[PDB]
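Below sits a lone chain in structure tokens, taken as the form deposited in one PDB entry.
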């Protein structure tokens, strides 16, 4: 299956609700009476049409094993359906908090690698993820991690900056240029990927658990960073720590992070 563009609403049966996302409710559904799917239902007003028509006509076409696969959309009226593949083990954040104590460190590293592979593919198409966190990743039957990116991408040419105006996502995953200068760079999601790595090896603990957004911004500016997770070796902490450099120009690309993690795999 592949992104087919527009789909027929009558060919999508809704079975159960998976939860309320950021832009609307997501329901379990059967597509063509054969395929299991997840269906984002966007009420009118809950989403920019410009963003939707840009994402639908460029991002959604990008198919990769580590990105949630888009099958199509129903956009003739509201509520607009965004139909993606269903992921059998659900949200990575929930999975870490429920089954993380039984995962080996090599599996935790494998999750970070999966996310890095998918993000390296978006990076090669000059797209950044504006909210790269464990809450936007999904775990399939093989414990392979897929990145969900709907309504969270933004076209950024390499080494360039763009305005961060738009949906305000949690600042505990945002880089200095975002919360200080209101700009994204082509490596703002690299910073967030370091926070994701911290989530994974912390088994879903909240970063800066005891501190508010105002306190985190202040202390990140002062050089303070997240600590080495209990399950992370010195080398693995060195990787995620490098994502947290103040200057975007001194952060690595997902391709460079891809080559740093490969030697550490099982």
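Note that the rigid core is defined as the largest set of C-alphas that superpose within 1.5 Å between two forms. Numbering follows the first chain given and starts at 1.
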Looking only at C-alpha temperature factors in the entry, 189-197 or 95-103, the higher average sits in 95-103
As the entry reports it, the stretch among 62-70 and 206-214 with higher mean C-alpha B factor is 206-214
When the entry's CA B-factors for 135, 130, 180, 168 are compared, the highest one belongs to 180
Per the deposited B-factor column, the C-alpha that peaks among 85, 140, 114, 158 belongs to 158
For residue 47, the third of its chain by CA B-factor is the highest
Tertile call for residue 28 (CA temperature factor, within chain, third-based) is the middle
Split the chain's modelled residues into thirds by Cα B-factor; residue 239 lands in the lowest
Of the three thirds of Cα B-factor ranks in this chain, residue 230 occupies the lowest
Here the Cα B-factor of residue 56, set against its chain, lands in the third termed lowest
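Another form, the form deposited in another entry, is not on view; read the next lines as being about it.
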In 235, 58, 221, 213, the 2 Å or greater C-alpha shift between this form and the one not shown, rigid core superposed, occurs only at 58
key: Threshold 2 Å Cα movement between this form and the one not shown at residue 75, rigid core reference   = yes
After the core is matched up, is the C-alpha of residue 203 off by 2 Å or more between this form and the one not shown?
no
Relative to the shown structure, Cα residue 150 and Cα residue 58 in the other entry (3 Å or more change) are closer
